[PDB]
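requesting a structural model of the entry that follows:
(one chain, ligands or ions: 1)
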Amino acid sequence: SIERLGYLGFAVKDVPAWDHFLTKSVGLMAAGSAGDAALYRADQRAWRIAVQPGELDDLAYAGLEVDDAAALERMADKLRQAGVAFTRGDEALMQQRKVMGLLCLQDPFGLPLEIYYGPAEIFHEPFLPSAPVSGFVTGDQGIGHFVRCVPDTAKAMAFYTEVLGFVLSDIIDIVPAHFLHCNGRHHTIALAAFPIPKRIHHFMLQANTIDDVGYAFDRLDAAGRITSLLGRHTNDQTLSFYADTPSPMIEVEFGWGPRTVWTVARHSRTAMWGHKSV
Ligand SMILES: [Fe+3]
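Numbers count the residues shown, from 1 in each chain. For reference, the structure is listed below:
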(Lines give C-alpha, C1' and ligand atoms only; values in the text may rest on other atoms or scores of the structure.)
Protein backbone atom coordinates (compact mmCIF):
# COMPACT_ATOMS: atom_id res chain seq x y z
CA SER A 1 0.00 0.00 0.00
CA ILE A 2 2.94 2.42 0.36
CA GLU A 3 3.31 4.00 -3.08
CA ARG A 4 6.79 5.57 -2.88
CA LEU A 5 9.47 7.39 -0.89
CA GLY A 6 8.54 11.07 -1.12
CA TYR A 7 10.82 12.92 1.27
CA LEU A 8 13.73 12.60 3.73
CA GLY A 9 14.73 14.67 6.78
CA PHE A 10 18.25 14.72 8.31
CA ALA A 11 19.36 15.81 11.79
CA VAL A 12 22.89 17.07 11.32
CA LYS A 13 25.69 18.90 13.14
CA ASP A 14 26.94 21.05 10.24
CA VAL A 15 23.82 22.63 8.70
CA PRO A 16 26.05 25.15 6.84
CA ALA A 17 28.00 22.30 5.36
CA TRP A 18 24.81 20.40 4.45
CA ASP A 19 23.32 23.45 2.79
CA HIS A 20 26.40 24.06 0.66
CA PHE A 21 26.75 20.37 -0.11
CA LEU A 22 23.15 20.02 -1.20
CA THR A 23 23.05 23.13 -3.38
CA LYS A 24 26.48 23.65 -4.87
CA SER A 25 27.60 20.04 -5.09
CA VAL A 26 24.45 17.94 -5.57
CA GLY A 27 22.53 20.72 -7.34
CA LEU A 28 19.29 20.92 -5.38
CA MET A 29 17.27 24.10 -5.06
CA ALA A 30 16.94 25.91 -1.69
CA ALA A 31 13.29 26.30 -0.75
CA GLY A 32 13.40 28.33 2.43
CA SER A 33 12.60 26.65 5.69
CA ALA A 34 9.85 25.07 7.77
CA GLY A 35 10.43 25.38 11.50
CA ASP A 36 14.03 24.66 12.45
CA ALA A 37 14.47 22.95 9.09
CA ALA A 38 15.89 24.28 5.80
CA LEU A 39 14.07 22.84 2.76
CA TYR A 40 15.46 21.71 -0.64
CA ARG A 41 13.60 20.93 -3.86
CA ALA A 42 14.45 18.41 -6.58
CA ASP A 43 11.35 19.01 -8.70
CA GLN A 44 7.83 20.47 -8.40
CA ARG A 45 7.12 19.36 -4.83
CA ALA A 46 7.42 22.16 -2.30
CA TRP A 47 10.38 20.19 -0.85
CA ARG A 48 12.04 16.77 -0.90
CA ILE A 49 14.89 16.97 1.63
CA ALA A 50 14.74 18.78 4.94
CA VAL A 51 17.90 19.48 6.94
CA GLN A 52 17.75 20.40 10.63
CA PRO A 53 20.24 20.67 13.50
CA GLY A 54 20.88 17.74 15.75
CA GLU A 55 23.65 15.85 17.47
CA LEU A 56 22.40 12.78 15.62
CA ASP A 57 24.00 13.32 12.15
CA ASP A 58 21.71 10.82 10.51
CA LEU A 59 18.33 10.35 8.89
CA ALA A 60 15.74 11.77 11.29
CA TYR A 61 12.64 10.63 9.29
CA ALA A 62 11.39 9.15 6.00
CA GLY A 63 8.17 10.10 4.29
CA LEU A 64 6.34 7.18 2.67
CA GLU A 65 3.67 8.32 0.23
CA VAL A 66 0.23 7.06 -0.67
CA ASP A 67 -2.23 8.41 -3.26
CA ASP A 68 -5.27 9.60 -1.29
CA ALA A 69 -7.01 9.98 2.07
CA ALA A 70 -8.71 6.56 1.89
CA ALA A 71 -5.46 4.71 1.29
CA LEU A 72 -4.12 6.56 4.30
CA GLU A 73 -7.00 5.20 6.30
CA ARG A 74 -6.31 1.73 4.99
CA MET A 75 -2.75 2.04 6.27
CA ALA A 76 -4.11 3.08 9.67
CA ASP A 77 -6.09 -0.15 9.75
CA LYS A 78 -3.18 -2.23 8.57
CA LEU A 79 -0.92 -0.82 11.25
CA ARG A 80 -3.52 -1.38 13.95
CA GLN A 81 -4.35 -4.89 12.76
CA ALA A 82 -0.63 -5.68 12.72
CA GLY A 83 -0.46 -4.10 16.14
CA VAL A 84 2.09 -1.49 15.11
CA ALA A 85 1.84 1.71 17.14
CA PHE A 86 1.23 4.98 15.35
CA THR A 87 -0.06 8.47 15.84
CA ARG A 88 -2.06 10.90 13.70
CA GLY A 89 -0.12 14.02 12.89
CA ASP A 90 -1.59 17.22 14.28
CA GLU A 91 -2.12 20.52 12.48
CA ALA A 92 1.33 21.72 13.51
CA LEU A 93 3.20 18.78 12.00
CA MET A 94 0.93 18.62 8.95
CA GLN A 95 1.61 22.18 7.95
CA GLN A 96 5.29 21.85 8.82
CA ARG A 97 5.45 18.90 6.38
CA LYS A 98 2.95 20.45 3.94
CA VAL A 99 0.88 17.25 3.71
CA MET A 100 -2.87 16.59 4.07
CA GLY A 101 -2.80 13.43 6.19
CA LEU A 102 -0.01 12.10 8.35
CA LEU A 103 0.45 8.90 10.35
CA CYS A 104 3.62 8.69 12.43
CA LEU A 105 5.25 5.42 13.46
CA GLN A 106 8.66 3.84 13.38
CA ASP A 107 10.22 0.75 11.99
CA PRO A 108 11.53 -1.75 14.56
CA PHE A 109 15.12 -0.69 15.34
CA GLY A 110 13.99 2.94 15.57
CA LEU A 111 13.60 4.84 12.26
CA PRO A 112 10.74 7.36 12.37
CA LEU A 113 8.54 6.80 9.35
CA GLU A 114 5.78 9.17 8.31
CA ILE A 115 3.02 7.96 6.00
CA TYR A 116 1.28 10.82 4.24
CA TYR A 117 -0.97 11.87 1.41
CA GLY A 118 -1.68 15.07 -0.49
CA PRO A 119 1.73 16.82 -0.61
CA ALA A 120 2.20 20.44 -1.66
CA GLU A 121 3.26 21.30 -5.21
CA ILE A 122 4.50 24.67 -6.52
CA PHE A 123 4.41 24.84 -10.33
CA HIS A 124 4.24 28.64 -10.41
CA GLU A 125 7.76 28.61 -9.02
CA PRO A 126 9.64 26.26 -11.35
CA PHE A 127 12.63 24.35 -10.07
CA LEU A 128 16.05 25.96 -10.79
CA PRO A 129 19.13 23.87 -9.79
CA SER A 130 22.10 25.41 -7.92
CA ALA A 131 24.64 23.48 -9.99
CA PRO A 132 24.47 22.12 -13.58
CA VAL A 133 22.05 19.18 -13.54
CA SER A 134 19.38 18.85 -16.26
CA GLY A 135 17.01 17.21 -13.81
CA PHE A 136 16.12 14.40 -11.45
CA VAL A 137 13.94 11.36 -12.06
CA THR A 138 11.23 11.33 -9.46
CA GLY A 139 7.55 11.30 -10.35
CA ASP A 140 5.88 7.96 -9.65
CA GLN A 141 9.18 6.54 -8.44
CA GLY A 142 9.43 9.00 -5.60
CA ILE A 143 12.62 10.78 -4.51
CA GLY A 144 15.17 7.95 -4.65
CA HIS A 145 16.13 5.06 -2.32
CA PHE A 146 18.18 4.37 0.85
CA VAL A 147 20.04 1.50 2.47
CA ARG A 148 18.75 0.91 5.98
CA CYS A 149 21.20 -0.77 8.35
CA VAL A 150 19.30 -3.12 10.65
CA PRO A 151 20.48 -5.54 13.41
CA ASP A 152 18.18 -8.29 12.13
CA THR A 153 17.27 -8.66 8.49
CA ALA A 154 14.41 -11.15 8.91
CA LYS A 155 12.66 -8.93 11.45
CA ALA A 156 13.10 -5.83 9.21
CA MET A 157 11.96 -7.85 6.15
CA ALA A 158 8.72 -8.96 7.81
CA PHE A 159 7.81 -5.41 8.77
CA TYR A 160 8.63 -3.78 5.41
CA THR A 161 6.96 -6.43 3.33
CA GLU A 162 4.11 -7.69 5.50
CA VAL A 163 2.96 -4.44 7.06
CA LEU A 164 4.26 -1.74 4.67
CA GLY A 165 3.77 -3.84 1.60
CA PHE A 166 7.18 -3.67 -0.01
CA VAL A 167 8.12 -6.46 -2.38
CA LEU A 168 11.54 -8.07 -2.74
CA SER A 169 13.45 -7.49 -5.95
CA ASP A 170 16.63 -9.46 -5.23
CA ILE A 171 19.61 -10.13 -2.95
CA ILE A 172 23.34 -9.36 -3.18
CA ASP A 173 25.84 -10.97 -0.86
CA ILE A 174 27.84 -7.83 -0.18
CA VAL A 175 26.04 -9.68 4.60
CA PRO A 176 23.21 -10.35 2.14
CA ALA A 177 21.57 -7.04 1.30
CA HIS A 178 17.90 -7.27 0.37
CA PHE A 179 16.46 -4.83 -2.11
CA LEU A 180 12.75 -4.01 -1.99
CA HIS A 181 10.47 -2.03 -4.33
CA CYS A 182 6.99 -0.55 -4.10
CA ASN A 183 6.82 0.84 -7.64
CA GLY A 184 8.87 0.77 -10.87
CA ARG A 185 12.07 1.91 -9.16
CA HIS A 186 14.13 -1.29 -8.80
CA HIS A 187 14.37 -0.51 -5.11
CA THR A 188 13.18 2.13 -2.70
CA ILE A 189 14.65 0.50 0.37
CA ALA A 190 17.49 -1.96 0.83
CA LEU A 191 17.95 -3.76 4.14
CA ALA A 192 21.41 -4.83 5.25
CA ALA A 193 22.98 -5.90 8.50
CA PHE A 194 26.09 -3.62 8.29
CA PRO A 195 28.25 -2.89 11.34
CA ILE A 196 27.99 0.86 11.00
CA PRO A 197 26.57 3.08 13.78
CA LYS A 198 24.05 4.68 11.46
CA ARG A 199 20.43 4.28 10.45
CA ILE A 200 21.22 4.36 6.76
CA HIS A 201 24.36 3.76 4.71
CA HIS A 202 23.43 6.06 1.82
CA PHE A 203 20.59 7.69 -0.14
CA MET A 204 20.53 8.07 -3.88
CA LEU A 205 19.34 10.69 -6.33
CA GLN A 206 18.83 9.76 -10.01
CA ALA A 207 19.72 12.32 -12.71
CA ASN A 208 18.33 12.48 -16.27
CA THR A 209 21.63 12.08 -18.20
CA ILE A 210 25.05 10.52 -17.90
CA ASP A 211 26.60 13.95 -18.22
CA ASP A 212 24.75 15.07 -15.11
CA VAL A 213 26.55 12.31 -13.27
CA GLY A 214 29.90 13.11 -14.89
CA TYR A 215 29.61 16.79 -14.01
CA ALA A 216 28.56 15.92 -10.44
CA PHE A 217 31.51 13.59 -10.01
CA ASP A 218 33.90 16.40 -10.76
CA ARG A 219 32.14 18.81 -8.43
CA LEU A 220 32.28 16.29 -5.55
CA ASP A 221 35.81 15.28 -6.44
CA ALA A 222 37.00 18.86 -6.27
CA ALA A 223 35.51 19.01 -2.78
CA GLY A 224 37.44 15.88 -1.89
CA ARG A 225 34.29 13.82 -1.22
CA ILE A 226 34.53 10.94 -3.72
CA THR A 227 34.60 7.50 -2.06
CA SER A 228 33.71 5.46 -5.10
CA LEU A 229 34.63 5.65 -8.74
CA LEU A 230 31.96 5.56 -11.45
CA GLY A 231 30.41 2.16 -11.83
CA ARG A 232 27.30 0.26 -12.60
CA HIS A 233 25.35 -2.02 -10.28
CA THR A 234 24.61 -5.69 -11.03
CA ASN A 235 21.02 -5.70 -9.87
CA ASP A 236 19.44 -2.39 -10.82
CA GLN A 237 22.18 -1.40 -13.28
CA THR A 238 22.36 2.15 -11.97
CA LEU A 239 25.49 3.93 -13.25
CA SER A 240 26.79 6.06 -10.39
CA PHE A 241 29.53 7.06 -7.98
CA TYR A 242 29.42 7.57 -4.20
CA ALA A 243 30.57 10.51 -2.21
CA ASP A 244 30.77 11.51 1.46
CA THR A 245 28.01 13.56 2.96
CA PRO A 246 29.00 16.19 5.61
CA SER A 247 27.84 13.61 8.20
CA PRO A 248 30.45 10.94 8.93
CA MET A 249 29.61 7.42 7.73
CA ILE A 250 26.62 8.46 5.68
CA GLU A 251 27.10 8.73 1.90
CA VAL A 252 25.31 9.82 -1.30
CA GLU A 253 25.02 8.06 -4.59
CA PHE A 254 24.43 10.13 -7.75
CA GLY A 255 23.32 7.88 -10.55
CA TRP A 256 21.66 7.45 -13.86
CA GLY A 257 19.84 4.92 -16.02
CA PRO A 258 18.69 2.15 -13.68
CA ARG A 259 16.42 -0.60 -14.98
CA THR A 260 12.85 -0.79 -13.66
CA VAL A 261 11.04 -3.76 -12.11
CA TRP A 262 9.83 -9.59 -11.99
CA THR A 263 11.87 -12.46 -10.58
CA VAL A 264 13.97 -12.69 -7.44
CA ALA A 265 17.58 -13.48 -8.29
CA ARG A 266 20.81 -13.50 -6.31
CA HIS A 267 24.02 -11.58 -7.12
CA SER A 268 27.48 -12.15 -5.70
CA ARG A 269 28.96 -8.69 -6.39
CA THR A 270 27.31 -5.29 -6.13
CA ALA A 271 29.17 -3.98 -9.16
CA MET A 272 28.87 -5.10 -12.83
CA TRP A 273 31.92 -2.88 -13.54
CA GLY A 274 33.55 0.10 -11.87
CA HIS A 275 32.77 1.33 -8.37
CA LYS A 276 36.40 0.97 -7.27
CA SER A 277 36.81 2.12 -3.70
CA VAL A 278 38.69 5.33 -3.04
FE1 LIG B 1 22.10 2.48 -3.82
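
who in the stretch 101-250 of the chain is up against the ion?
Contact residues, the stretch 101-250 of the chain versus the ion (C-beta under 5 Å from the ion): residue 204. In this view, the C-beta of every residue, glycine as well, is placed from N, C-alpha and C.

for the ion, what's the nearest residue on the stretch 101-250 of the chain?
Nearest residue of the stretch 101-250 of the chain to the ion: residue 204, at 4.6 Å (C-beta to the ion).

does anything pack onto the host helix or strand of residue 52? Which helices or strands?
Residue 52 is part of strand 49-53, with elements assigned from DSSP states H and E. Counting contacts by 3 or more C-beta pairs under 8 Å, 6 or more residues apart in numbering; DSSP states H and E, strand 49-53 packs against strand 4-12, helix 15-20, strand 37-41.

where do the strands of the stretch 1-150 of the chain begin and end?
Secondary structure of the stretch 1-150 of the chain by DSSP state E, counting those that start in this stretch: the strands cover 4-12, 29-34, 37-41, 49-53, 58-65, 87-88, 101-106, 112-117, 145-149.

and those strands as CSV, adding mean neighbour count?
Output for these, formatted as CSV (neighbours: other C-beta atoms under 10 Å):
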stretch, mean neighbour count
strand 4-12, 23
strand 29-34, 16
strand 37-41, 22
strand 49-53, 21
strand 58-65, 22
strand 87-88, 11
strand 101-106, 18
strand 112-117, 21
strand 145-149, 24
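
pipe these into CSV and attach distance to residue 212 per row.
Shown next, in CSV, are the strands of the stretch 1-150 of the chain (distance: least, C-beta to C-beta, whole Å):
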stretch, distance to residue 212
strand 4-12, 20
strand 29-34, 15
strand 37-41, 16
strand 49-53, 17
strand 58-65, 24
strand 87-88, 39
strand 101-106, 33
strand 112-117, 29
strand 145-149, 17
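
sheet-wise, list the partners of the strand holding residue 52 with their directions.
Here strand 49-53 has these sheet partners by DSSP bridges: strand 4-12 (parallel), strand 37-41 (antiparallel).

the nearest residue to residue 98 once chain neighbours are set aside: neighbour count?
Excluding the flanking residues, the one nearest residue 98 by C-beta to C-beta, 6 or more residues apart in numbering is residue 120, at 3.9 Å. For residue 120, the count of nearby residues is 13 (other C-beta atoms under 10 Å).

just the element for the residue of the stretch 101-250 of the chain closest to the ion, please.
strand 200-206.

what lines up beside that strand in the sheet?
The pairing partners recorded for strand 200-206 under DSSP bridges are strand 145-149 (antiparallel), strand 251-256 (parallel).

contacting residues around the strand holding residue 52?
7-13, 15, 18-19, 22, 28, 34-40, 42, 60, 143 (C-beta atoms under 8 Å, 6 or more residues apart in numbering).
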